[PDB]
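The structure appears right after this line, and notes come after that.
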Amino acid sequence: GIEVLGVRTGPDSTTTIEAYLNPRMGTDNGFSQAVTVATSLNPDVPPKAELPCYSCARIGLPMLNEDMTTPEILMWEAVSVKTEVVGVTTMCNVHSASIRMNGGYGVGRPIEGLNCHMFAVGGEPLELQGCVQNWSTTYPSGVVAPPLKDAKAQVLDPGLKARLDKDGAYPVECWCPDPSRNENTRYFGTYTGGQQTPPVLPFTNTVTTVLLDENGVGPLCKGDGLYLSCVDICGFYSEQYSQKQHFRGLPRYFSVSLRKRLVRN
Amino acid sequence: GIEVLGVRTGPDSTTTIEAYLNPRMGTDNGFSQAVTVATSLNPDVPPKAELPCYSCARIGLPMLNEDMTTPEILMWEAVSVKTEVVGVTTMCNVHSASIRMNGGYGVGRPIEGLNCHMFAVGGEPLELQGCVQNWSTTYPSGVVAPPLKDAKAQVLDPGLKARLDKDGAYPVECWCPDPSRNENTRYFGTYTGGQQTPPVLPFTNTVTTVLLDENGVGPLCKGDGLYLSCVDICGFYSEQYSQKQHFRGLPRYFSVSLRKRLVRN
Amino acid sequence: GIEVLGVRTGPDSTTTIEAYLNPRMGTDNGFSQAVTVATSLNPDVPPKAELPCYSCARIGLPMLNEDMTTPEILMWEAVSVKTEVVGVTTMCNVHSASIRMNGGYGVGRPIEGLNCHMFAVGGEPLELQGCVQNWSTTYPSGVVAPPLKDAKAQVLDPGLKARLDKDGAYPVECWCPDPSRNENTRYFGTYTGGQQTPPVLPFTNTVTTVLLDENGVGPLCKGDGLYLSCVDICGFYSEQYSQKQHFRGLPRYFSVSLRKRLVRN
Amino acid sequence: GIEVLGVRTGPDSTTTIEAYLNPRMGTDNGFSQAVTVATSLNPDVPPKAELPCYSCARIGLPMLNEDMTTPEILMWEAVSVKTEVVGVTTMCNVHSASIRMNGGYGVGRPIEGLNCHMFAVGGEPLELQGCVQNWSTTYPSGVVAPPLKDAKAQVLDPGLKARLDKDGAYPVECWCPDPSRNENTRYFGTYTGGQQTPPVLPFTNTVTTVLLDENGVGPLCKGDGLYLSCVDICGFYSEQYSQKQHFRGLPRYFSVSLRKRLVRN
Amino acid sequence: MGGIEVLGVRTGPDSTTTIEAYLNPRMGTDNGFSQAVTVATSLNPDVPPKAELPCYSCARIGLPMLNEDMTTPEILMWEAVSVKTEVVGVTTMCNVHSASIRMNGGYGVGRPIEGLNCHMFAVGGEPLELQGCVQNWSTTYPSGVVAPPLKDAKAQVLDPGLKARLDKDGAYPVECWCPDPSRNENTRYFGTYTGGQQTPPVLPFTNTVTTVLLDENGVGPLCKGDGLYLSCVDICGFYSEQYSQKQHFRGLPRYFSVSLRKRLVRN
Ligand SMILES: CO[C@]1(C(=O)O)C[C@H](O)[C@@H](NC(C)=O)[C@H]([C@H](O)[C@H](O)CO)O1
Ligand SMILES: CO[C@]1(C(=O)O)C[C@H](O)[C@@H](NC(C)=O)[C@H]([C@H](O)[C@H](O)CO)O1
Ligand SMILES: CO[C@]1(C(=O)O)C[C@H](O)[C@@H](NC(C)=O)[C@H]([C@H](O)[C@H](O)CO)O1
Ligand SMILES: CO[C@]1(C(=O)O)C[C@H](O)[C@@H](NC(C)=O)[C@H]([C@H](O)[C@H](O)CO)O1
Ligand SMILES: CO[C@]1(C(=O)O)C[C@H](O)[C@@H](NC(C)=O)[C@H]([C@H](O)[C@H](O)CO)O1
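Chains as they are written, first to last, in PDB author numbering: chain AAA, 22 to 286; chain EEE, 22 to 286; chain DDD, 22 to 286; chain BBB, 22 to 286; chain CCC, 20 to 286.
Shown next as structure tokens:
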């Protein structure tokens with residue numbers, strides 16, 4: 022929809038935005054509540070404190086357009102991002118009361134099992150497609166879940182759409198980034214499943230992701246807002262005694278480089 | 022057989038087609054019926070509801086040639102595709118009545134085990150080669166299976182050919198893309214086997230596959246039809262109580278970029 | 022010692038050869054006989070029907086030379102190959118009488134365990150080096166095995182050489198491609214071992230292997246013969262009842278692009 | 022803060038610094054003390070001898086500026102590094118009193134399990150962010166640990182910062198490289214978790230890491246000091262009898278190439 | 020290179036040569052396998068027999084003599100430009116019939132060779148330089164191998180006093196020596212370790228892959244005294260005996276094809 026013109030250069034034509042997003046694993050400090058499992062598909066009633074959710078934030082950018090009626094206006098364009106999962110080294114902890122290896126004689130199992138890592142940078146909220154494993158699930162009060170009127174919600178029902186517009190409220194397991202939308206967002210996601218799978222987590226300050234599309238255009242920040250989204254499920258913590266499991270998530274740092282872009286109003 | 026001439030440029034000379042294909046795991050909503058296993062190679066009678074099939078669709082394109090008598094005509098040429106498995110994040114669900122880890126105390130096993138992912142874009146139906154694990158298998162009414170007259174069907178019998186011309190009817194286990202044909206289709210497949218293997222599933226809107234061949238020519242859409250095919254087996258769901266297993270499949274999104282191509286009539 | 026001159030261009034100066042090789046796992050239709058294991062290194066008597074062998078074929082090429090006595094002649098030069106393992110999707114079969122997962126309640130184990138994949142394209146037979154795990158093995162009548170006079174056959178004995186000159190007769194376990202020869206053949210092999218290892222098998226029609234050497238020269242077809250070789254061990258099938266194991270192999274398709282090359286006679 | 026001008030070339034304008042850092046696994050000679058595991062999150066009292074720490078060193082460089090009053094001065098600029106984990110081949114040891122495979126009949130388990138590898142090269146101390154798995158942990162006397170006033174220390178609390186300014190004193194599990202700082206340091210880290218995970222360790226003298234940023238500027242050595250940091254946890258040693266586990270770390274070699282850089286004083 | 024002033028490449032007829040060689044593995048006995056490996060019950064005494072210790076393979080290949088007169092202000096050296104190297108006998112590990120521990124509770128085939136893998140090759144103009152490092156400083160290394168002195172526990176990490184040259188085939192145990200990254204200016208070495216208990220070996224075999232040996236300045240190893248030095252180890256995992264369940268290291272031979280050219284240097 023937007024006719025993109027030339028990059029605007031000169032003093033104060035570029036800025037770097039730094040932010041971090043703390044994980045929303047179901048409680049505030051990096052872990053879900055002990056996860057409970059239904060004995061059948063119905064009733065299946067996951068409590069809110071047991072459901073990892075997407076993290077998201079809108080960063081206000083410097084105001085560009087005193088007059089919004091001119092035939093051309095300026096927009097902040099996200100050119101590149103350096104992003105880092107913070108606290109990776111915490112998973113070298115094998116002393117804090119996990120299930121012990123070597124039949125109880127060795128160290129605690131580290132955080133391990135399914136991993137799901139996603140970050141997104143856009144000029145508007147991340148657009149979501151609803152999809153669930155079990156259409157009979159009762160999602161709790163306090164989360165935004167797709168309506169579940171029939172089993173088509175287990176595959177692609179094009180009626181089930183949302184915008185990631187609240188931090189710690191959209192459960193990861195019932196929403197994915199919508200590939201049919203997000204023209205103005207770049208999202209990067211990986212899932213590695215299995216039971217006791219080793220997490221593989223890099224940490225470096227040397228890797229830049231370019232956000233420019235095929236035509237050399239980055240996300241354009243509507244209303245001078247930059248939208249950051251992520252989830253970083255790093256696996257499960259097993260309690261030594263109960264052997265109950267908790268989702269473990271880690272915070273994510275973002276450094277986004279932006280430039281002014283002229284567009285046709 | 023088609024003499025390919027120059028690309029036709031100018032207004033309305035390009036179009037993007039967006040489509041999704043819901044998985045055909047043997048029932049309509051992402052899962053096979055509980056899979057049964059023969060005690061011997063004969064009789065071996067897999068029910069239709071237990072056999073994953075290829076997904077396919079023909080998308081009608083804008084009509085190009087009201088007059089088909091000219092010495093040159095136009096065909097839509099598929100240049101590139103962005104494709105995404107939708108609902109990957111549903112496999113972060115460990116509460117919906119799966120077999121529990123840590124001897125029954127931990128979370129449910131996630132969907133895991135053998136993965137088979139394929140997508141194809143072509144200007145005609147995907148061409149298939151018949152090949153089976155067990156030539157004594159009785160395939161059910163309601164699926165298209167190769168004739169099984171002898172054990173050569175377990176390897177390459179060049180008599181066993183078909184076109185993927187019906188959605189949810191050609192079982193994955195008795196047909197593969199025919200590498201000896203498919204001049205006018207690009208197909209991309211991976212199988213990762215094993216028992217409890219971690220699924221590894223990316224989800225991003227930043228990856229484009231170019232469909233042009235060695236000569237810079239993409240699939241040419243015969244009769245103004247674009248043909249999309251896929252399968253996305255993501256592993257097995259284990260029922261907590263029975264411990265019976267179901268194939269789990271996920272829907273696939275396609276965005277195909279096309280341009281008009283002049284050809285000799 | 023062939024002096025290679027210019028490529029011959031013009032009408033009929035290029036051709037594509039298409040062929041498939043059915044696997045030789047010890048019986049004709051993709052599986053070994055149930056594999057037996059010696060209780061000691063001597064006697065160790067593997068039956069022929071239990072020993073996977075290399076597949077190979079010589080393709081006769083079109084007549085190139087109206088005269089063989091001229092100071093220059095033409096040879097077919099193999100420039101590139103597209104090759105595909107056929108029937109990969111058969112390994113989505115979990116119903117055909119394999120050992121059942123989840124303590125007998127789940128699906129059959131898929132084909133899994135050690136994988137060995139090799140293809141070769143040359144202008145003469147693949148040259149082999151003899152090497153065995155157990156020099157005391159008695160190889161059966163009907164296979165070509167290296168002489169085993171001492172334990173040096175377990176490492177590199179340069180006296181143990183052969184040419185791959187018969188389909189389904191040279192066991193994989195006692196011959197490998199000779200890196201000290203094969204000047205006029207390109208071979209590409211991978212072994213992935215272990216007990217229950219997931220097979221990882223791509224299937225696409227989009228990947229070309231270039232056969233040109235450092236000097237831009239492909240294999241030159243001596244006697245107008247193109248030589249194709251492969252093995253594709255995809256793992257073991259376990260019988261549900263006996264729990265005996267069979268090698269499973271899959272057929273391989275080749276499409277080789279050739280051009281006429283002038284050489285000094 | 023530093024205005025960077027041209028590279029200074031000519032005789033003695035470049036130097037190579039070679040150094041090694043011995044690992045700090047909790048005792049001096051490559052192993053932690055046998056690791057103990059709390060039965061609950063509180064009390065959780067890891068002894069110092071059981072906590073791997075970062076290695077670090079400041080290397081004095083040739084003094085550049087006898088006169089520090091000129092409008093321009095020289096700084097050593099770190100351009101590239103070759104770095105190697107030393108003693109990788111020690112992990113071919115299966116005789117030194119580890120838990121024996123094949124039910125006690127086979128060789129000892131090699132060093133295996135979680136791996137955490139990081140190296141950093143900078144012109145000042147590595148900047149650290151505090152983050153822990155368990156905010157209730159009591160860190161011992163003799164290590165530098167972040168204050169733990171609340172559970173925010175399990176995620177990102179921006180109040181928890183430090184500089185890596187003492188060798189063998191900053192525990193890996195409560196500090197990570199701060200991605201919001203370290204403008205004048207390059208750090209490269211990988212974590213591979215799990216219980217018995219195979220360590221994958223290259224050793225070659227052929228691989229160079231370039232330390233130049235986006236603008237062609239390497240770390241600038243403040244006070245003519247080069248700062249090297251690392252950790253190389255290679256997994257756990259299991260005692261044959263007790264089955265107690267010890268962290269195993271290996272030393273790291275650095276070769277850093279530097280050049281003189283003019284900067285505005 | 021080191022103290023050598025390197026001048027131009029010498030071209031023309033006979034200015035290049037290819038050296039082909041193979042090195043048979045030294046797993047502790049001569050024919051690809053260690054003796055059944057024994058394990059100490061404690062760190063002291065820990066007495067691995069020589070027949071149970073994999074060692075590095077190495078060879079010096081004599082090259083065509085270049086300088087009958089060694090008094091000229093410039094002389095020629097053979098320069099190693101590239102290598103094609105292959106582990107030979109990879110396909111032997113498709114053997115599941117030769118008396119290994121049987122899978123499926125005794126009903127299936129024998130376990131293939133599997134477990135820890137350690138692969139290294141080196142090409143140089145002088146012997147590979149080694150750094151001493153051990154897992155257990157209390158180990159008693161046997162007569163007939165060259166092991167570093169073990170005076171204290173620093174030998175478990177980096178003790179810069181513990182240095183050697185790989186100057187004898189089948190004598191330097193892999194587990195107490197690694198390539199010295201602080202030396203080997205005139206050698207390129209390439210090593211990988213993949214550990215674990217029953218880990219799948221992943222072994223390519225192709226004749227299409229060339230490793231370039233030129234450094235940052237376009238200079239390959241220079242063959243001092245017209246000698247080319249080849250080193251390797253290829254531990255492919257363990258063989259388990261069906262009855263005893265004792266384990267043996269399995270190693271495979273390595274083939275080298277090294278391309279060399281004449282290089283002018285200042286004498
Ligand atoms: C007793 O109440 C709860 C609980 O444990 O907190 C409530 C919770 O909503 C429910 N969870 C789900 C996913 O349905 C859980 C299971 O039914 C039960 O643990 C199975 O044993 O029961
Ligand atoms: C009871 O009838 C069925 C079933 O359960 O649905 C019919 C089904 O066609 C058949 N499946 C196959 C692949 O042959 C199955 C097995 O023979 C049986 O489960 C083995 O125990 O039996
Ligand atoms: C009964 O005769 C056979 C068999 O089973 O067919 C013959 C076969 O040559 C032999 N296989 C090998 C590799 O030696 C096998 C085993 O010795 C036996 O199964 C051990 O239990 O015995
Ligand atoms: C007996 O004293 C100690 C020990 O073993 O040295 C003290 C040590 O601080 C403590 N470690 C931790 C991480 O808390 C440990 C465990 O509480 C105990 O081993 C559980 O059985 O007990
Ligand atoms: C009987 O003498 C030996 C043996 O078995 O050959 C000598 C050998 O040097 C020694 N190996 C090591 C690594 O120390 C071994 C073990 O001490 C013993 O097997 C423990 O069970 O004992």
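Backbone N, C-alpha and C fix where the C-beta goes; we use that ideal spot for every residue, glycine too.
Could you check which residue in the options has the C-alpha nearest to that of residue i?
i: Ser-53/EEE; options: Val-277/EEE, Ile-254/EEE, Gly-129/EEE, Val-284/EEE; result: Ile-254/EEE
i: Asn-286/AAA; options: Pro-73/AAA, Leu-169/AAA, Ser-61/AAA, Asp-88/AAA; result: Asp-88/AAA
i: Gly-127/CCC; options: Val-115/CCC, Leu-181/CCC, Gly-108/CCC; result: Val-115/CCC
i: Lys-69/DDD; options: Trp-97/DDD, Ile-80/DDD, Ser-61/DDD, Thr-57/DDD; result: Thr-57/DDD
i: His-267/CCC; options: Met-84/CCC, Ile-120/CCC, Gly-21/CCC; result: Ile-120/CCC
i: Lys-265/DDD; options: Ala-55/DDD, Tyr-41/DDD, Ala-190/DDD; result: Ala-55/DDD
i: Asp-199/BBB; options: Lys-182/BBB, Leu-233/BBB, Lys-187/BBB; result: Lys-182/BBB
i: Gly-51/EEE; options: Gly-108/EEE, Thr-36/EEE, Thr-104/EEE, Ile-80/EEE; result: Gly-108/EEE
i: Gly-270/EEE; options: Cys-251/EEE, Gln-175/EEE, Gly-239/EEE; result: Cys-251/EEE
Residues of chain CCC with a CB under 9 Å from the CB of residue i: which are they?
i: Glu-145/DDD; result: Result: empty, since nearest Cβ-Cβ is about 14 Å, beyond 9 Å.
i: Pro-73/DDD; result: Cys-113
Taking Cβ-Cβ distances shorter than 8 Å, what residues in chain CCC pair up with residue i?
i: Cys-197/DDD; result: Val-107, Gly-108, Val-109, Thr-110, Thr-111, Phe-224
i: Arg-184/BBB; result: Ordered by position in chain CCC, no residue passes the 8 Å Cβ test against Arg-184/BBB, which lies about 25 Å from the chain.
In the DSSP assignment, what residue or residues form a beta bridge with residue i?
i: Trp-196/DDD; result: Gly-151/DDD
i: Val-107/CCC; result: DSSP lists no partner for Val-107/CCC.
i: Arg-285/DDD; result: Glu-93/DDD
i: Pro-223/BBB; result: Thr-211/CCC
i: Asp-65/AAA; result: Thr-158/AAA
i: residue 340/BBB; result: The question about residue 340/BBB has no answer here: the residues shown for chain BBB are numbered 22 through 286.
i: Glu-98/AAA; result: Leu-241/AAA, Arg-280/AAA
Between which two residues does the beta strand (DSSP E) harbouring residue i extend?
i: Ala-70/EEE; result: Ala-70/EEE -> no beta strand (DSSP E), and no H or E assigned at all.
i: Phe-257/CCC; result: 246-259
i: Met-139/DDD; result: 136-143
i: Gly-27/DDD; result: 25-29
Quick one: list the residues of chain AAA neighbouring residue i, beta-carbon separation under 8 Å, in chain order.
i: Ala-118/EEE; result: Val-58, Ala-59, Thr-60, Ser-61, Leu-62, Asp-65, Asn-155
i: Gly-31/EEE; result: Within chain AAA, no residue comes near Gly-31/EEE; the closest Cβ sits about 19 Å away, beyond 8 Å.
Chain BBB partners of residue i, CB-CB under 7 Å?
i: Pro-219/AAA; result: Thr-213, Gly-214, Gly-215, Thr-218
Would you grab the beta carbon distance between residue i and residue j for me? Rounded to a whole angstrom, and I think it's under 8 Å.
i: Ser-117/CCC; j: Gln-154/DDD; result: 5 Å
i: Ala-99/EEE; j: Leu-283/EEE; result: Incorrect: roughly 16 Å between the Cβ atoms, too far for contact.
i: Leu-72/BBB; j: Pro-146/BBB; result: Not quite, the Cβ-Cβ distance comes to about 20 Å (not below 8 Å), so this is no contact.
Taking residue i as the query, report the chain CCC residues whose CB atoms sit under 7 Å from its CB, ordered along the chain.
i: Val-128/BBB; result: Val-56, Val-58, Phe-257, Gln-266
Please list the partners that residue i has in chain EEE, where partner means a Cβ-to-Cβ separation under 8 Å.
i: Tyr-41/DDD; result: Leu-177, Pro-179, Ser-201
i: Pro-272/DDD; result: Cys-152, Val-176, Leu-177
Taking C-beta pairs closer than 9 Å, name the residues in chain BBB that residue i reaches, listed in chain order.
i: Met-122/AAA; result: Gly-134, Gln-216, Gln-217, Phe-257, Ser-259, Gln-264, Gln-266
Which bits of chain EEE does residue i rub up against, with CB to CB less than 7 Å?
i: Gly-51/DDD; result: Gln-175, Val-176
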